[PDB]
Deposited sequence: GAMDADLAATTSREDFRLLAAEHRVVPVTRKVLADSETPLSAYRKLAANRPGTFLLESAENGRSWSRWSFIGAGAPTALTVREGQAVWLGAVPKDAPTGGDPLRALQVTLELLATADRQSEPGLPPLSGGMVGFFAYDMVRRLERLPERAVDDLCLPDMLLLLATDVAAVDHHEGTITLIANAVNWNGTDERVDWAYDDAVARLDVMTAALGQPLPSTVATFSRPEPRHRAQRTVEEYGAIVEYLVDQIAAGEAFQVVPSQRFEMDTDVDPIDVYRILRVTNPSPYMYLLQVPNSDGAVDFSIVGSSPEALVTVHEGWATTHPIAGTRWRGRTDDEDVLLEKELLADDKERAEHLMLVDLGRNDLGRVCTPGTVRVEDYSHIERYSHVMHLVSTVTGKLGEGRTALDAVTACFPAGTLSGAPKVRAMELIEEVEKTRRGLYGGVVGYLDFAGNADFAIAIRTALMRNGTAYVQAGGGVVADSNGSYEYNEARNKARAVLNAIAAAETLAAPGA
């Protein structure tokens, strides 16, 4: 038996009888490729491509990265209605409510549940924060500057799963049989095999070096708010909270830079400087099939993850700077744990998570574990917990996402009142900020990162929005600066990425 043995026609036939999506796979040895080099080869920065990587706690890359090698097709929204970009067949849900359209698409395109990597195919993309407008009634005071759709999800059928442990890549070409009929079976197989052959040959190409140097210039950028305007918004919210309007609210503002630097170069600097449990680079296509814009992020927190029937969330709140150093690091931990206020803030969000999940999980299954423990990241440590529940009968991964959306850590507690306050105090619509980036795979799983520490790159401009939680005793300047600094991590990376050069050049 050969390593790169492709799925047999015989086996594909059997699978095609059972489900409307059949992955056809081929594993190769790729010990001289990294996720990035493989992306370069397989995707080449093309519209509808992506790379997803993961460094738990910003320390140690996990086993898998996933590359999208060209999705001709994406489900999105235009003038409040669900529409596909690129061509799909007659049976693909279109028009109307986009969430319902997405719900039916996922009901139709489920697969078996084998051996496959965690993500081998599915709907991959984002939900804007402003998708929440369709789940909760909110005022419409802030202006929609960026004009992004509520969602856009690639139908990602050609996927390369890079296994860092084995040094292998598993190539997947999924046959999508929308109409569910017996017809075209053998055609579907050969088509899938041909897409495998394309990815394979792309992997067969040589590559020039990107071995490089860069410096870290301070970026020049535009802010929506001065220290004064921001500090006063914070004081307003501190007043609301003291009165009992909410326990906590997460205001933000937008910053911007003009730049023509490739998105991947920004990804490269983020990966080196702020590795995180959710790294992503996504080229979002337009109706014409060129790149409308690019999303580059390194996010520290998932909204939700769904796996084998269970939805899980990881509320994160409470911060100290990592120690400079080792004795100081432990003082700081004992201090965060002893900070009763922050303990309380964290617990509020843990309860909010319990409730969110309560909406779609079977009663008596929603539990908290590893409650309020410490996690170290590259530059800071936090309190963290796990909330996990069994998806209720007939509930879906998408129900888990909508039930949790948006993260309490990006809105507040209680959530609606906090969103309301956010809308009162913020100049523009958030767009992707506080939304999610992630996937819904055909087997029923899902993983979404909160869209923070992220740049959206459009027509010569890069937007980076950042914020931070406000509580009873928050100080306006302190919050302004903490927020700006979060943003500068990304802005700094863009400025760095612009200096990328071959060493001694």
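Checking coverage: what stretches of the deposited chain sequence are missing C-alpha positions?
Coordinates drop out over 1-4, 118-121.
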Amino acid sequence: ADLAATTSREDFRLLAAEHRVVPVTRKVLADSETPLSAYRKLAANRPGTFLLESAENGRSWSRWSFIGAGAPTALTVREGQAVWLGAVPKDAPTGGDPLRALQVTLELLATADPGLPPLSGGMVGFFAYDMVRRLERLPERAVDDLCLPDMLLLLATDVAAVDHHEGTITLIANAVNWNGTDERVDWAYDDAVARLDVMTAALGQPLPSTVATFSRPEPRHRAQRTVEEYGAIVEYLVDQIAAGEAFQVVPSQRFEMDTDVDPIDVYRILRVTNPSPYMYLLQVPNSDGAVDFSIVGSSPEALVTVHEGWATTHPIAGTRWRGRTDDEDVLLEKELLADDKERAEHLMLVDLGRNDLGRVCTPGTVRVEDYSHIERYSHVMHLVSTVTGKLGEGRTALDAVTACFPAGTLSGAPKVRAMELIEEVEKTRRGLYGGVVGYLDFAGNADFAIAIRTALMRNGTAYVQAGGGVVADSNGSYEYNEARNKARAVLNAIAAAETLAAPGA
From here on, numbers count along this sequence of modelled residues.
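Select between 432-440 and 474-482 the stretch whose C-alpha atoms have the higher average B-factor in the entry.
Per the PDB record, 474-482.
When the C-alpha temperature factors are averaged for each of 178-186 and 280-288, which stretch ends up with the higher value in the entry?
According to the entry, 178-186 carries the higher average C-alpha B-factor.
Maximum C-alpha temperature factor per the entry, among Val198, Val360, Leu349, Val380, belongs to which one?
Out of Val198, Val360, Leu349, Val380, the record gives the largest C-alpha B-factor to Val380.
Based on the PDB record, which member of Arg100, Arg271, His314, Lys90 exhibits the highest Cα temperature factor?
The record points to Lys90.
Hey, what third does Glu301 fall into on Cα B-factor, ranked over its chain?
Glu301: CA B-factor falls in the lowest third of its chain.
According to the PDB entry, is the CA B factor of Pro72 in the bottom, middle or top third of its chain, that is, lowest, middle or highest?
Within its chain, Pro72 is a highest-third residue by C-alpha B-factor, going by the deposited values.
Taking the C-alpha B-factors as the PDB entry records them, is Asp339 in the lowest, middle or highest third of its chain?
Its C-alpha B-factor belongs to the highest third of this chain's values.
Sorting the chain's modelled residues by C-alpha B-factor, tell me whether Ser294 ends up in the lowest, middle or highest third.
For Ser294, whose C-alpha B-factor we compare with every modelled residue in the chain, the answer is the middle third.
Check where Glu328 lands among this chain's C-alpha B-factors and tell me if it's the lowest, middle or highest third.
Answer is highest: the recorded C-alpha B-factor places it there.
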